[PDB]
Amino acid sequence: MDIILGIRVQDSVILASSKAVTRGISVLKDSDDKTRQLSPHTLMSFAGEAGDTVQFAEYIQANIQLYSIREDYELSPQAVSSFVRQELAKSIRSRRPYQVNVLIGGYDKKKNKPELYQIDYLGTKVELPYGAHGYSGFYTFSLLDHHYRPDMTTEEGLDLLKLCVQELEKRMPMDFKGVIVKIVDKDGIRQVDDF
Amino acid sequence: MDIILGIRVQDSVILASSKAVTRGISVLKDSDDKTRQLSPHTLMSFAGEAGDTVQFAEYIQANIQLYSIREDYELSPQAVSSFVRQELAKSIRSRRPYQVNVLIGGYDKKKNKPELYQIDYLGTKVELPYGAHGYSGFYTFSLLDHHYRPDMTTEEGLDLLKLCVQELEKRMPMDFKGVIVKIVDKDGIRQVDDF
Amino acid sequence: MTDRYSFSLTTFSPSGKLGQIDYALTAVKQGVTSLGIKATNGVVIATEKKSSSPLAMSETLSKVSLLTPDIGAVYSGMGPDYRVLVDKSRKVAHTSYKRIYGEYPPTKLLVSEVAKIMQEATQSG
Amino acid sequence: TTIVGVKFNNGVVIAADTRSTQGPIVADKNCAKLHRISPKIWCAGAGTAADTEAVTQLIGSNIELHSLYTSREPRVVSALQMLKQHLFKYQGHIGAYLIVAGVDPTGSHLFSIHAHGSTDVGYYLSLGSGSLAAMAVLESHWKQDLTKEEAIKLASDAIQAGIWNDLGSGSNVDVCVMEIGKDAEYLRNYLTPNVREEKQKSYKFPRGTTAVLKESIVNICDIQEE
Amino acid sequence: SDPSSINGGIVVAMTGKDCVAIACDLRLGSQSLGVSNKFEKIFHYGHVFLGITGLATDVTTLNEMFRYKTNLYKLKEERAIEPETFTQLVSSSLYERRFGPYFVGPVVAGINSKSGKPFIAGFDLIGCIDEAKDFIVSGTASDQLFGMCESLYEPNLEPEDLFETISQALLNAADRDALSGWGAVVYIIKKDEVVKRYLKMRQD
Amino acid sequence: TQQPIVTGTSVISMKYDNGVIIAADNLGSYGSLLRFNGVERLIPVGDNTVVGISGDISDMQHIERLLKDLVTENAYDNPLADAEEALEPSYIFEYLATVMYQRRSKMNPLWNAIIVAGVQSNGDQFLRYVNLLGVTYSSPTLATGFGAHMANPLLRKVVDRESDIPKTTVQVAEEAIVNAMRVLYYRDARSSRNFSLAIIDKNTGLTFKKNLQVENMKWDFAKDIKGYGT
Amino acid sequence: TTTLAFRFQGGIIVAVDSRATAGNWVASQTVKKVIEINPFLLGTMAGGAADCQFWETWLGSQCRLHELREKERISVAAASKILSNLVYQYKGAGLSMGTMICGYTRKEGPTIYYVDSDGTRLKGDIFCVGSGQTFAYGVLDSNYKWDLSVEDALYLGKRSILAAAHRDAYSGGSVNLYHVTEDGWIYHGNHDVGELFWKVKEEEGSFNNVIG
Amino acid sequence: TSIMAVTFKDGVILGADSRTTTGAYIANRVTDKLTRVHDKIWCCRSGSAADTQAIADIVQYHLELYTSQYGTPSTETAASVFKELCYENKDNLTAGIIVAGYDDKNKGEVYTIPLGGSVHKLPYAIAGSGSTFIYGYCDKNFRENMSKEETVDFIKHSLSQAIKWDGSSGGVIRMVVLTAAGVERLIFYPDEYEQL
Amino acid sequence: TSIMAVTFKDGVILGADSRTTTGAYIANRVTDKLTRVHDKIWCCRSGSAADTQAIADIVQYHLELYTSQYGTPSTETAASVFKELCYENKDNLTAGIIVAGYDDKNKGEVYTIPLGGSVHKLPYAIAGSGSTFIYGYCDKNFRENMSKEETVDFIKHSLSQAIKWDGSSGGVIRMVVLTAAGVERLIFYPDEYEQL
Amino acid sequence: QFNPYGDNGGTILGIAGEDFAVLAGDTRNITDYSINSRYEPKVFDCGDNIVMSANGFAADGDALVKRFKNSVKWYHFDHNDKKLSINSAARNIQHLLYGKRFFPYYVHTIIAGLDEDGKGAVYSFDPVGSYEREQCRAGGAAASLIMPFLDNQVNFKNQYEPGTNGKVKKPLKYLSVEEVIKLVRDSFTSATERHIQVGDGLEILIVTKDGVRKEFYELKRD
Ligand SMILES: *C(=O)CCCCCCCCCCCCC
Ligand SMILES: *C(=O)CCCCCCCCCCCCC
Ligand SMILES: [Cl-]
Ligand SMILES: [Mg+2]
Ligand SMILES: [Mg+2]
Ligand SMILES: [Mg+2]
Ligand SMILES: [Mg+2]
């Protein structure tokens, strides 16, 4: 799919993901949720080749849910991101690699810290204060470089995200039909239903 | 450029043309006018390869304006459309052809009839009640075939075009930043400043 | 070199005469008599074979020439001028007609093409 | 296309089939593949149909002008030289493969011309898709000092070999006989061994079977007086 | 990509007893997209009728070119061009563009005004002439038209019978081609009257 | 997938009233080089079948070994190996046809065109073709390569349909085959003058003729041909 | 190939054309693009004819085995995902199918899944699939409501295919209508475009560009 | 194609086969590859028939016009005209030509012009596809100042071996003898040269 | 590469050059292309050195194991083992091999195995790039039941001409004589064979 | 490069009557511009009152027919000599064809016979096994020539009743076996005239409740 953004603020991680699904010359859907909950305090947004994106996300989801039941324990965002990176690093030298780029937004309940991980389809992991995949970063990183403050609140973080989406809607050629925004904090994952 | 529409109603021709100019990954202009007035009662919208579109439109404009001065007389829309077709039919077998598709909306003052001509870059001319170039027709022709009435008034025709723009804005992947609408009737050419 | 005579050698005199055409007609007047008669079921063209010498084989000199299978020509005046006109007349019957329409030109149109060549010699440089 | 040329005692005879095909489809059931360069110089063409017709007309035109200029009957070697130098210039792009035959004051002649401008001399020649089927018959039955009647028989049999055993060739056999001191006789549809049998059914429709929307008289006449 | 099958369309011509018929579909498209259902492919210059299939820009260009040439012909000759003569003019005109051809499939139909003999002829894009006695076919559904004509056709049909045969030949051929149909026109041509009929056919 | 290296040209054959004739020249070509001048391309199987093979010679020698092995295998635990349970032309053909199509289906074909000529138990003429694609067809006359283009037309003038077979004698049939071999020598640039011919008759059995030559050739008329036009 | 399906208060409406082509050649106008898996499950067919027929009939076998093993009707979600997981195994091999799985269960209600040979599986209210999908979308999007009558919804589906049958050169022949409700699907007849076009044009006053 | 030219005491001899092939098909089995550009200057044509025919015709024209102005041309002059056409048009031509001529002053001379358009004056030359098989034989068997009968045998034997191994070479062995005595054409049929 | 094998009254002789070339560079100017697969069965290697070396080693192994079980193999057996490797691996090999051996029962035998992997039993065989130039010479000069001295001269003369015209062939002419008497190695240097 | 496919030309035609079915096919076998055989049977009796023809690449055609005939034999062994119904045969052939989806049989397959109600049945298959029951289907080289003629003369397409002018269609009256064989013969005569790969002979297999009957007719051999 197209645009996926992530921003780590003081006490939460915010993931924004486009709603458009365009095949050929027609926009088939304008309400697609390009994310899966891996665990109560870990969310993964994804974008790449059709089919592979959902197939990969659900495969990761199943594996983390299996770990959670076996150990009766939630893996740290760092641990989940390391597991996901290894799967993609394994995938890139497969017969047919997963063509999927992901952001992993998690709240570490042990350290009481939000964590944002950007992983591309090669298995290139980086921990960031804010990240993007595809052409999104080209427009948005200049804004985030300027206005990002590490101690800013979730309400402040949402506005900075609105300024990013407004810039994308102005200068990007493709109509991505707005974004679904989700917040990951100590209380778990919730969706901002008005954006 | 992208979307250009034309509809011939009872007493006028209406041309709608996208205002978005996209070069590469950025949208450079959202206020573009993809049309030239060839004569007081003849308007030509255009879409194709960058540079060629404007170069061709202004070249045609200059030639018709030269004819108008020489004869102190306005050529019929049919005559102008035949001149434009011949230039494109000449162009297609040139060293470097004009990569330009045009709609010619004119009001024939002699016959007191609106006339819409669709001409592609090959020099393929057709007189139509409603026409489009590129992927526009794929979405819009089904609506026009279904709701088109030959006796429709300009206001009714303007409303019908609004349905076409909404369908394009819903199902087309590219954000074409709305359309500039122009009406060609017995009183000449005027722009609808609110659409 | 180069043909530096790019100007007309036939021009209007004060009286409105084209001298070179009048003088060309005087050359025709001196020429041997030729005639044509049209019948209901045919046409005849005839002339005198004025032999320049009795040693000369007058059969080799054709004053009456086939232009097309259904068109013939005869002249009065300068023989050499006639000979090159027949060559051009035969060729123009092919290039400007037969190679286009796949049939020989009608008399009046071939005449028109010959006439055009003779007009151009009256105005060209 | 299955055209042949055969020399005999007092002249040369050339024959060809009558089938013209675009791809696997038969466009012309009775196409005439024998062209006249001049009254006593005839040629048959294979390859690109437009090129073979067009090149023949051009040389046939220039041969007629040359004949008038020189006050002499045209020669086969003149037609041969003009064809080969034209085709060679166009580097095989004019897809004309011809068998040129004729009689002239020099005698009777038989040549072949390829699109690239190469020419051949022979007593018997064959050209086209069915040339191999034809050449098999020619190589089996040809002899020196053939009569006119034997040469026509051999030429038509060589075309038939192409008609039957080659898909590219079919329908009828055209023949042109050019004998010395005689008018060339063009035998259009010399053989007709491929008449279609009567159909089982007549497909003539009852009048008013087709649905009509509008009728109108078309004005073919000029603008009228009064 | 293939110029002869971008726009689509068909033309068929047939001879009858002291009459000829020429018919065409009305479709002009951009590959899959249907654009126009009023694109007539049959034109006439005096009493000589020309149908042209293939690339639509060349159909229009050649019509304008043959109008140009037949108009000059008439001024100089002081008579209308005949089908046999016009056929040679089309061939000449097409072959002069041998190495830059018009992507068209022209079809000449008409009756010689002097002899009264019915005449039809077809051409390839570089102007090779096909002078059939029975029928000529052209366009994207030429294979279908060949099959229809070859089975339906019989010689010496009366004008009103010939109309039924050529109409059924076109309609059923067009219905087995994606790029043909969207309406049809049939010209019935006699020595000094021509009737033009628009056919009702499925609009898909 | 390979390319043929050492190749054999046309195999020609036809039916006649009492049996079949098959012929093939003794050349093994190496591109335009006429390399090997003593190659037998007709391989008899028992006393009732001859397999004529064109195309790649290395693949032909492999097929030759398969047929040799087929005879050995048939004889095993077979008291009627030289009687009722002897190899039929139809059995030998169907076996080859299976192998040819199996090999083309593995994209590793035996680069050959094969004609199996023989007479069945009931005296019926057997003549069927198979090639590297596993394509099979039967006809009163069969030929491979150039033979298909030049031999078939000449042989079909003798036996044009099934009803012409009983009217055709062994002398007329052999005459037509020998003439066809001459025509191929005139016109095939990869043919040799030397060839083998095999007759399988339901009365006189298998007659295998080696070291035959093309004779009665017309060349004299060449002396009169001067220049390429003028 | 033009095929569609949409969800409304009345239930699910499924409308497909009947034309199959090989190049510009019209192979058949009699083709069935709706597959009856069971009383409550329907599958649309677009792209490769063989791939859709073979795999959607196979899906019916998997759905039958599910309800034999689980003593319960298979969910539209589960049925669609069996097909999407299957074609995903064959991804890259050159399978060419775009399908809609339309069904009704108690737990889901009326459900449509767009399943794709690229492995795309989308739930949605409206889908148009095939070469003529854009033409069908125009009519649907301008006339669609949740509050349609089974009668009006059936007509909209029929009319949307007709719109595409006219314009799309690779769509036509006839229209097959299905209506999927709480009590299963109900076939609503084969409608020849050759008769339907002139009928709709006359009654509706549309298609004023064509002459009739 | 197998062509060769040999110089001997009394003059020069031109030798060639008669086979012209399209693919593996024999288009003509009685071709004449020995062509006249002047009364006692001939050439052997190998490569594209169309190209070699076209070139030979131009040379014959040039030497005819040369003769009308300056009298009989030398064999060296004829070879130079061939070279000029072959060298200047090397990109568009496929022609390997052996030029052989008899002067009274220079006697028998042989010039070979391979693909490049280079000129090589030699005591004898062999060209065409068949030649490759008889480099060993011709080198071992060629002597200078042979008799007419020896040179005919040398060419006949050489070409017979070239014909035997080359699929593209065959038919009759044509020969043209150039001496003070005049121009003699010889032909040798398969039945004669195959049994050598 | 110029290699050949000739059968004569007393047995068989193997002849080869000593030049191995990479492009136009001579990698080795003293190569041994005559290789032993058994005491009186040798082979001549042409094509890829790597491929021919690899194949010869496998055959020598097969015939060594054959000998241990069934005693001395025939030349025909050795040729069959070469063929089996060359034919079955035809897609991945570039090897033209001449197998020559001496039995007491069969005497001198020569088998040639070209690229395809076909087998041809011949009175004599020539292979490699140089061979093409000596088809004419070898055909004309070969006789059956020659003496040892005649066969050595025949190979020496043939290879010398092949060496002379082939850029890829050169160096010394190596020869191996196979008779009832035993195995004799011969060598002939440029100064000897160039002046022939 | 080795091309594993070829084109053996030919044309086949299946027409379903009211209580009979015919499967016709020309007997000409070709490659490029050469005739292999003037009589090479293409339409086969497969047993259980089913006739089959796999037109296109003859090697793949023969392979498929052979494997189907085999499937009929094993259907008898495995299911107590039960008669294989035309609908069951059709589904079986889909699996044979789709089994080689990624290396297809380059053939157009048509089978004809009677359904379980005794009515005439024709089934048509694409190379990768998509199938459909049809009243009428021509397959192979001249399919494009024949199908439009059959649309017109079997299903009375674009035909209307005189006097009504396009209002009332020509009624779809049933055709007898004598009437169908006339249309088959005229289809193949017309196809032979305009298609170079069609001719030599026409072989028709007629299926009724009584069994499978054969009829042969000469076609033009040019
Ligand atoms: C006969 O049916 C036509 C044969 C003519 C062949 C020449 C066609 C030239 C086409 C020009 C190629 C340019 C395509 C972009
Ligand atoms: C309808 O579209 C059916 C399409 C059938 C395609 C058949 C393909 C046959 C040739 C494929 C070559 C495969 C090479 C391994
Ligand atoms: Cl080594
Ligand atoms: Mg990264
Ligand atoms: Mg349509
Ligand atoms: Mg050396
Ligand atoms: Mg034929």
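Criteria and cut-off values
Sequence order sets the numbers: each chain starts from 1, possibly unlike the entry numbering, and residues with no coordinates are not included. For naming, the first written chain is A and the first written ligand is 1, with later ones following in the order written. Note that the chains on view sit within a larger assembly, with every value limited to the chains on view. Side-chain measures were taken over the full set of non-hydrogen atoms in the model, leaving aside hydrogen atoms and water. Each metal's donors are the N, O and S atoms within 2.8 Å of it, or within 3.2 Å when it is Na, K or Ca, and because water is not part of the set, sites may look incomplete. Each residue's exposure class comes from its accessible area (1.4 Å probe, protein chains only) as a fraction of the maximum for that residue type: buried when under 20%, exposed when over 50%, partly exposed otherwise. Helix and strand definitions here come from DSSP, where helices need a minimum of 4 consecutive H or I residues and strands a minimum of 2 consecutive E residues; each element is numbered from the N-terminal end. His is not counted here, nor are the chain ends, while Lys and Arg score as positive and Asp and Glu score as negative. Within this document, salt bridges are pairs made up of a side-chain nitrogen of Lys or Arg and a carboxyl oxygen of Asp or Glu, the two lying within 4 Å of each other. Any pair of N or O atoms that falls within 3.5 Å is considered a polar contact. Within protein, one atom must be able to donate a hydrogen and the other to accept it, and sequence-neighbouring residues count only if both atoms are side-chain atoms. Note on contacts: a residue pair is in contact if any heavy atoms of the two residues lie within 4.5 Å. To be near a molecule or strand, a residue needs just one of its heavy atoms within 4 Å of it. In this description, accessible areas are obtained by the Shrake-Rupley approach with a 1.4 Å probe, and a residue is regarded as covered only by the protein chains that are shown. When residues are grouped by polarity, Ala, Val, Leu, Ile, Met, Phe, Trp, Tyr, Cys and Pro land in nonpolar, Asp, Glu, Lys and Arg in charged, and all others, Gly among them, in polar. Throughout, buried area stands for the accessible area (probe radius 1.4 Å) lost by two parts on being put together, summed over both. Strand pairing follows a simple DSSP-based rule, namely that at least 2 bridges must link the two strands. Axes, fitted as lines to C-alpha atoms, cover a helix only where it is in contact. Angles between the N-to-C directions of the axes lie from 0 to 180 degrees. A helix is expected to reach a length of 1.5 Å times the quantity of its residues less one. Ring geometry is summarised as follows: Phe, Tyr and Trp rings, the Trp one being its six-membered ring, pair when their centres sit within 6.5 Å, and such pairs are stacked at plane angles under 30 degrees, edge-to-face over 60 and tilted between the two.

- For this deposited structure, the header cites X-ray crystallography as the method used and 3.25 Å as the resolution.

1. Observations regarding the coordination of the magnesium ion (ligand 7)
Any two of four tetrahedral donors ideally make an angle of 109.5 degrees at the metal, while pairs among six octahedral donors ideally make 90 or 180 degrees.
No. 1: The protein atoms that coordinate the magnesium ion (ligand 7) are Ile163 of chain D (O) and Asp166 of chain D (O), at distances of 2.3 Å.
No. 2: Assessed through its relative accessible area of 4%, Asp166 of chain D is described here as buried.

2. Brief notes about the side chain of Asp166 of chain D
No. 1: If you trace the backbone, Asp166 of chain D turns up in the loop between α4 (148-165) and β11 (173-179).
No. 2: No salt bridge forms around the buried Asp166 of chain D; measuring N to O, its nearest opposite-charge neighbour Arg19 of chain D is 7.4 Å away.
No. 3: Only 2.3 Å separates the side chain of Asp166 of chain D from the side chain of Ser169 of chain D, close enough to count as a polar contact.
No. 4: Beyond its immediate chain neighbours, meaning those up to four positions away, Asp166 of chain D contacts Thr2, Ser129, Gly130 and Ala161 of chain D together with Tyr33 of chain J.

3. A look at the site of ligand 2
All names here are of chain J.
No. 1: Close to ligand 2 lie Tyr5, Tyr106, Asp126 and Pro127.
No. 2: If ligand 2 stood free it would expose 480 Å²; the protein chains cover 48% of that surface.
No. 3: Its residues placed into classes, the shell around ligand 2 shows three nonpolar, no polar and one charged.

4. A word on the interface of chain G and chain E
No. 1: With 25 residues of chain G at the contact, the number on the chain E side is 22 residues.
No. 2: Of the roughly 1900 Å² buried at the junction of chain G and chain E (both faces included), carbon and sulfur atoms supply 51%.
No. 3: Looking at the side of chain G facing chain E, the largest losses of area belong to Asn24, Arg167 and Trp198 of chain G, adding up to 27% of the total buried there.
No. 4: For the pair chain G and chain E, the number of links is two salt bridges.
No. 5: As a salt-bridge pair, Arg19 of chain G and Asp204 of chain E come within 3.8 Å of each other at their nearest N and O atoms.
No. 6: The tally of links between chain G and chain E comes to 13 residue pairs in polar contact.
No. 7: Counting residues per element, the ones that place at least two in the side of chain G that touches chain E are β4 (25-28), α4 (150-167) and α5 (193-204) of chain G.

5. Re the sheet that holds strand β12 (residues 188-192) of chain B
All names here are of chain B.
No. 1: Reading across the sheet, the five strands line up as β10-β1-β2-β11-β12 and stay open at both edges, with antiparallel pairing between neighbours. Looking at strand neighbours, the two that pair on one side only are β10 (130-133) and β12, the edges of this open sheet. Pairs of neighbouring strands in the sheet enclose a mean axial angle of 15°, with direction left out of account.
No. 2: Here strand β11 (residues 179-185) pairs with β12 via five bridges, running antiparallel. The residue bridging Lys182 from the neighbouring strand is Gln191, located in β12.

6. Let's talk about helix α1 (residues 58-78) of chain J
Residue and element names in this part refer to chain J.
No. 1: With 21 residues, α1 extends 30 Å from end C-alpha to end C-alpha; this agrees with the ideal 30 Å at 1.5 Å per step.
No. 2: For α1, the full list of buried residues reads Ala58, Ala59, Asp60, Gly61, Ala63, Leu64, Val65, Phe68, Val72, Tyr75 and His76.
No. 3: Of the residues flanking the end of α1, it is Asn80, one or two places downstream, whose phi is positive at about 50°.

7. Here we look at the packing of aromatic side chains
To describe a pair of aromatic rings, you give the distance between the ring centres and the angle between the ring planes.
Residue and element names in this part refer to chain B.
No. 1: Per the stated rule, a full pass over the model turns up 62 aromatic pairs over all chains.
No. 2: Taking the centre distance of 5.2 Å and the plane angle of 55° together, the rings of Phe56 and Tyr98 count as tilted. With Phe56 in helix α1 (residues 52-71) and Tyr98 in the loop between α2 (77-91) and β7 (100-108), this residue pair connects regions lying 42 residues apart in the sequence.
No. 3: Among the residues examined, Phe56 registers a relative accessible area of 1% and is labelled buried.

8. Details of unusual backbone geometry
No. 1: Although it is not a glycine, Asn145 of chain I adopts a positive phi angle of roughly 60°.
No. 2: By the element assignment, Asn145 of chain I lies in the loop between α3 (135-141) and α4 (148-165).
No. 3: Judged by its relative accessible area of 60%, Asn145 of chain I is exposed.
No. 4: Positive phi is not limited to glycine here, since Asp32 of chain J has a value of about 55°.
No. 5: By the element assignment, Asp32 of chain J lies in the loop between β3 (29-31) and β4 (34-37).

9. A look at the interface of chain D and chain E
No. 1: The interface is formed by 38 residues belonging to chain D together with 43 residues belonging to chain E.
No. 2: Buried area between chain D and chain E, both sides added, is near 3400 Å², and the carbon and sulfur share of it is 55%.
No. 3: Applying the counting criterion to the chain D and chain E interface returns eight salt bridges.
No. 4: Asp161 of chain E is the salt-bridge partner of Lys204 of chain D, the closest N and O atoms lying 3.7 Å from each other.
No. 5: Run the count over chain D and chain E and you get 20 residue pairs in polar contact.
No. 6: Where the side of chain D that touches chain E is concerned, the elements lending two or more residues are β4 (25-28), α1 (49-70) and β13 (212-217) of chain D.
No. 7: Per-element tally for the side of chain D that touches chain E: the top contributor is β13 of chain D, with six residues.

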